[PDB]
Structure formats: structure tokens, C-alpha cells
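Okay, so here's the structure we're looking at.
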Amino acid sequence: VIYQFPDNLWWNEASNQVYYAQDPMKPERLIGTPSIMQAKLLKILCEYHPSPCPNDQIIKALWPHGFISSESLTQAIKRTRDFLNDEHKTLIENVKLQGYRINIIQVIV
DNA sequence: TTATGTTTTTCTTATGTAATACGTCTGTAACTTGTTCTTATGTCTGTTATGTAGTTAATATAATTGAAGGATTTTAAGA
């Protein structure tokens, strides 16, 4: 499965890495590989697409057995957008009091 | 005796972890602003009450109205 994101971004499940490509399976302009928690967050946001993803769902999926201080929620989804280079805050959207969403262009299965 | 492979230790970095501080989005409120329906009222008009002006041909030809045990003093008009 290949998820397409704005600015011609791609996250791959046929592999385990993110890139800026115009060819789905071809590794063009590699970003790298997200961490375990980053990959889990990206998977959760892509699965809840096109619906908004609730905050409690994210915290109980990323940290099933962790006493999260309620502020790692924002540091994590700040550096996740930074690692995808979302300087304009357009790649991942926050709808207030409803949750988060990630802008997916197309899905390749 | 000495060169070298190894293993353990310590330093360096990386992902997460949290704390406090401050900006954004959004939810309510103050301030106006346009539109439509309603209402009290000022004004015009018709109808009836009323207020005014006029006329009437035996003859008839100088009030009235009390008013009633007042004393005392002052001052103008008559002679």
C-alpha cells in the first residue's frame, strides 16, 4: 500500500520509508524512515482517513500502557509534521475538539 | 619482549519526556442595520342639529316699591 500526500509525498507499506516521488514505488528524494512511534502515528492517521482521528484513540493506540502527561500529544505530532516538513501546517490538519487528520491524496493497493 | 585482537568502559548522540509560556481557533456578546407588519393619529368629507335673522295689521297711548323704635357729630347749602 502506497499513500500519497500533498507536495508529491509518499509513505510506503510495501516498504518502510517516506519519500518525495512522482513514481509510487521508486525511491525519489528520500526523507528516511520514521521511528516506531512516528510510524504508528502515521498508520493511525492514515487508517482513520478520511475521518478525523480522535485524540483519545491516538493516545490509547500509541501508548496503551503509558501515563501520558497530555503534552507529548503535541510534541509528537509537532516533530512528526517536522519530519514530513509540514512548515505550512497543511500536511496534517487539526480540527479542534474533534481530532487530527492527515491529507492523503490516493491509496495504492 | 612486543604486536595485536579483544573486551569492557566511558563519552556522545538520539528518541522520548516533561514543564511552563504563549499564540490560534472558535464561541459568545456588543453594536448596529435593513425589512415588514402594526398602530395611533391627523385630516378630509358627508349629514344633522342648532343658532340666528326676519315677520305678524279690531284697538291698545305718562312705574314702583318698599320704608319704617337711630343717636351723634361734622360740614356744606339755603336764607
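We label chains A, B, ... in the order they appear in the C-alpha cells, count residues from 1 in each chain, and number ligands from 1 in the order shown.
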
Exercise: residue 18 of chain A partners within 10 Å, only C-alpha atoms (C1' of nucleotides), chain neighbours under 4 positions left out, as an MDAnalysis selection string: chainID A and resid 2:3 9:13 27:34 83:84

Next, the residues of the selection above should be written as a PDB file, in the first residue's frame with N, CA and C atoms.
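What ended up in again_1.pdb:
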ATOM      1  N   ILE A   2       0.511   2.206  -0.847  1.00  0.00           N
ATOM      2  CA  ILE A   2       1.277   3.429  -1.030  1.00  0.00           C
ATOM      3  C   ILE A   2       0.318   4.595  -0.835  1.00  0.00           C
ATOM      4  N   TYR A   3       0.579   5.426   0.171  1.00  0.00           N
ATOM      5  CA  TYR A   3      -0.236   6.600   0.451  1.00  0.00           C
ATOM      6  C   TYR A   3       0.429   7.825  -0.158  1.00  0.00           C
ATOM      7  N   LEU A   9       4.245  13.677  -1.897  1.00  0.00           N
ATOM      8  CA  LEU A   9       4.852  12.866  -0.853  1.00  0.00           C
ATOM      9  C   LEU A   9       4.263  11.459  -0.899  1.00  0.00           C
ATOM     10  N   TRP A  10       5.032  10.481  -0.431  1.00  0.00           N
ATOM     11  CA  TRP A  10       4.598   9.092  -0.452  1.00  0.00           C
ATOM     12  C   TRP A  10       5.080   8.397   0.809  1.00  0.00           C
ATOM     13  N   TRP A  11       4.171   7.670   1.455  1.00  0.00           N
ATOM     14  CA  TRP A  11       4.511   6.760   2.541  1.00  0.00           C
ATOM     15  C   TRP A  11       4.170   5.347   2.094  1.00  0.00           C
ATOM     16  N   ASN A  12       5.110   4.427   2.270  1.00  0.00           N
ATOM     17  CA  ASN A  12       5.032   3.107   1.662  1.00  0.00           C
ATOM     18  C   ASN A  12       4.873   2.043   2.739  1.00  0.00           C
ATOM     19  N   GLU A  13       3.950   1.105   2.514  1.00  0.00           N
ATOM     20  CA  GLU A  13       3.876  -0.112   3.312  1.00  0.00           C
ATOM     21  C   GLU A  13       4.396  -1.337   2.573  1.00  0.00           C
ATOM     22  N   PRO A  27      12.189   5.080  -5.203  1.00  0.00           N
ATOM     23  CA  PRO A  27      12.654   5.934  -4.101  1.00  0.00           C
ATOM     24  C   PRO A  27      13.279   7.242  -4.566  1.00  0.00           C
ATOM     25  N   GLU A  28      12.458   8.265  -4.786  1.00  0.00           N
ATOM     26  CA  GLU A  28      12.932   9.579  -5.205  1.00  0.00           C
ATOM     27  C   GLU A  28      12.932  10.538  -4.022  1.00  0.00           C
ATOM     28  N   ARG A  29      14.033  11.274  -3.861  1.00  0.00           N
ATOM     29  CA  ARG A  29      14.185  12.321  -2.845  1.00  0.00           C
ATOM     30  C   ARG A  29      13.762  11.806  -1.465  1.00  0.00           C
ATOM     31  N   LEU A  30      14.563  10.864  -0.977  1.00  0.00           N
ATOM     32  CA  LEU A  30      14.228  10.142   0.241  1.00  0.00           C
ATOM     33  C   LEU A  30      14.222  11.063   1.456  1.00  0.00           C
ATOM     34  N   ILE A  31      13.172  10.949   2.271  1.00  0.00           N
ATOM     35  CA  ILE A  31      13.176  11.582   3.585  1.00  0.00           C
ATOM     36  C   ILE A  31      13.888  10.697   4.597  1.00  0.00           C
ATOM     37  N   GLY A  32      13.526   9.418   4.633  1.00  0.00           N
ATOM     38  CA  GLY A  32      14.106   8.486   5.575  1.00  0.00           C
ATOM     39  C   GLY A  32      13.091   7.493   6.096  1.00  0.00           C
ATOM     40  N   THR A  33      13.269   7.056   7.342  1.00  0.00           N
ATOM     41  CA  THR A  33      12.361   6.114   7.975  1.00  0.00           C
ATOM     42  C   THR A  33      11.886   6.708   9.296  1.00  0.00           C
ATOM     43  N   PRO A  34      10.579   6.821   9.514  1.00  0.00           N
ATOM     44  CA  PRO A  34      10.089   7.308  10.806  1.00  0.00           C
ATOM     45  C   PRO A  34      10.355   6.293  11.907  1.00  0.00           C
ATOM     46  N   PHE A  83       9.249  16.212  10.547  1.00  0.00           N
ATOM     47  CA  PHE A  83       9.992  15.201   9.804  1.00  0.00           C
ATOM     48  C   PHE A  83       9.400  14.988   8.415  1.00  0.00           C
ATOM     49  N   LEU A  84       8.103  15.240   8.249  1.00  0.00           N
ATOM     50  CA  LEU A  84       7.490  15.330   6.930  1.00  0.00           C
ATOM     51  C   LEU A  84       7.571  16.733   6.345  1.00  0.00           C
TER      52      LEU A  84
END

Residue set, segment 26-58 of chain A restricted to alpha helix (DSSP H), as an NGL selection string: :A and (36-48 or 55-58)

Distance-based interface of chain B with chain A, 8 Å, counting only C-alpha atoms (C1' of nucleotides), as a PyMOL selection string: chain B and resi 17-18+25

Generate the output file for the selected residues, C-alpha atoms (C1' of nucleotides), as a PDB file, in the first residue's frame.
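File written: out_14.pdb
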ATOM      1  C1'  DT B  17       9.659  13.020  28.287  1.00  0.00           C
ATOM      2  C1'  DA B  18       8.050  16.603  30.651  1.00  0.00           C
ATOM      3  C1'  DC B  25      -9.388  28.935  16.604  1.00  0.00           C
TER       4       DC B  25
END

Interatomic distance (Å, one decimal) between atom CA of residue 21 of chain A and atom CA of residue 38 of chain A: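 So the answer is 20.3 Å.
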
Non-local contacts of segment 44-58 of chain A (6 Å; only C-alpha atoms (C1' of nucleotides); under 3 positions in same chain excluded) as a VMD selection string: chain A and resid 41 61 to 62 99 to 102

Next, dump the selected residues to file, keeping only C-alpha atoms, as a tab-separated table (two decimals), in the first residue's frame.
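Result file is selection_2.tsv:
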chain	number	residue	atom	x	y	z
A	41	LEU	CA	1.06	7.64	14.44
A	61	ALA	CA	-3.07	3.32	20.36
A	62	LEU	CA	0.39	4.90	20.67
A	99	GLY	CA	-9.11	15.42	16.45
A	100	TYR	CA	-6.39	15.11	13.82
A	101	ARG	CA	-6.35	14.11	10.17
A	102	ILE	CA	-3.68	13.59	7.52

Strand (DSSP E or B) per DSSP on the backbone: members of segment 21-60 of chain A, as a PyMOL selection string: chain A and resi 30-32+53

Mind writing the picked residues with N, CA, C and O atoms as an mmCIF file, in the first residue's frame?
data_model
loop_
_atom_site.group_PDB
_atom_site.id
_atom_site.type_symbol
_atom_site.label_atom_id
_atom_site.label_comp_id
_atom_site.auth_asym_id
_atom_site.auth_seq_id
_atom_site.Cartn_x
_atom_site.Cartn_y
_atom_site.Cartn_z
ATOM 1 N N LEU A 30 14.563 10.864 -0.977
ATOM 2 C CA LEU A 30 14.228 10.142 0.241
ATOM 3 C C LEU A 30 14.222 11.063 1.456
ATOM 4 O O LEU A 30 15.143 11.860 1.654
ATOM 5 N N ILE A 31 13.172 10.949 2.271
ATOM 6 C CA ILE A 31 13.176 11.582 3.585
ATOM 7 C C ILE A 31 13.888 10.697 4.597
ATOM 8 O O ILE A 31 14.759 11.155 5.347
ATOM 9 N N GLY A 32 13.526 9.418 4.633
ATOM 10 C CA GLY A 32 14.106 8.486 5.575
ATOM 11 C C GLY A 32 13.091 7.493 6.096
ATOM 12 O O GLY A 32 12.152 7.123 5.384
ATOM 13 N N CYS A 53 -9.306 11.798 13.365
ATOM 14 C CA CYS A 53 -8.920 10.776 14.328
ATOM 15 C C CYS A 53 -8.992 11.329 15.741
ATOM 16 O O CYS A 53 -8.338 12.339 16.037
#

Between atom CA of residue 65 of chain A and atom CA of residue 93 of chain A - distance in Å to one decimal: 26.5 Å
